[PDB]
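Shown below, as structure tokens, is a lone chain in the form deposited in one PDB entry; questions about how it binds or moves come after it.
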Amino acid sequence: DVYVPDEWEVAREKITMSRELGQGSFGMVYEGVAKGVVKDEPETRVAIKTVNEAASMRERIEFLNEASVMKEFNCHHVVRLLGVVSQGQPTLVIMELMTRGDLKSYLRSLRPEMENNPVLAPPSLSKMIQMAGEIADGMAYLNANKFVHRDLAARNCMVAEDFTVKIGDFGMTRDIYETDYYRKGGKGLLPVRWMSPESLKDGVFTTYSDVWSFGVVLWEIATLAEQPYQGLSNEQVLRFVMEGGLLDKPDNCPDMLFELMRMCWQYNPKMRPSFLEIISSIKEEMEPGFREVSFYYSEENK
């Protein structure tokens, strides 16, 4: 209850909303431009989240306090919060713009249409490794900052104009990939196909179970976002995973990438590599700019 304005408060006048990006949890999300949100830049391309006009006072406070979790983060591989407009209406939350949208939708858009037209080949191992490192870098940064994600999935990663993959905005929720969630034990909605055996048994999530879900993200990149354990129902996924069952090596998936998936899928969470360990194993394969922008190569990484 009660949202208190702070240093993240931006004057409404500085924001210009243009085209819709799509329906969000609390309202329409727009693309636009902002004045003085990235230092003194007069014109920054931004994403603008809104609260619908009818919404109560509580909903606006809930929206504001939820988005305020992002105020703590500053990483090149984590989608940035740039400002808040909590004075007057519409209530807004200004964030970094990712023109290519979610990673699952981006991956699914790469599938051959099948209409006799020429098609771009599936992402190369180099392009797949680049995406791996970016995600793992965002995640190592969050873990270092004492966070456990609990819903690492391609749907919860965003693709920038230049193809940079980043960890998407937190607690987004509702309306998007409903089939990606299951009412386990007839209780709360859980991303069961992305869950570790231990999080399936006891409902506890750690950086180790985030590591398990990273392995599943690599599998989504490799399959162009197929449903994990596609032939199985949600109940069958639960039995299969807790019993030590694993995803199949995607067709034409390089061994090196499948080996990495298998490390993330070690039954014992303590035998799974950390995000730092994952980055280290692939640092040689990343674009040269990675050494200058990553959390991995930063002073903050111990």
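One rule holds for the numbers: they count along the sequence shown, beginning at 1. Just so we're on the same page, rigid core means the largest C-alpha set that superposes within 1.5 Å between forms.
In what follows, reference is made to the form deposited in another entry, a form of this protein that is not presented.
K.L.:
Once the rigid core is lined up, just say which one of 154, 132, 142, 84 has a C-alpha that travels 2 Å or more between the shown form and the other one.
P.N.:
C-alpha shift of at least 2 Å: 84.
K.L.:
Superposing on the rigid core, do we see a C-alpha displacement of 2 Å or more at residue 182 between the shown form and the other one?
P.N.:
Residue 182 C-alpha, core-superposed: shift of 2 Å or more.
K.L.:
Following rigid core alignment, is the displacement of the residue 255 C-alpha between the shown form and the other one equal to or greater than 2 angstroms?
P.N.:
No.
K.L.:
For residue 270, is the C-alpha shift between the shown form and the other one 2 Å or more after core superposition?
P.N.:
No; that C-alpha moves by less than 2 Å between the shown form and the other one.
K.L.:
Just say closer or farther for the C-alpha distance from residue 203 to residue 175 in that other deposited form, relative to the shown form; it changes by 3 Å or more.
P.N.:
Their C-alpha distance shrinks by at least 3 Å in that other deposited form.
K.L.:
Which way does the C-alpha gap of residue 240 and residue 183 go in that other deposited form, closer or farther, given it changes by 3 angstroms or more?
P.N.:
Pair moves farther apart in that other deposited form.
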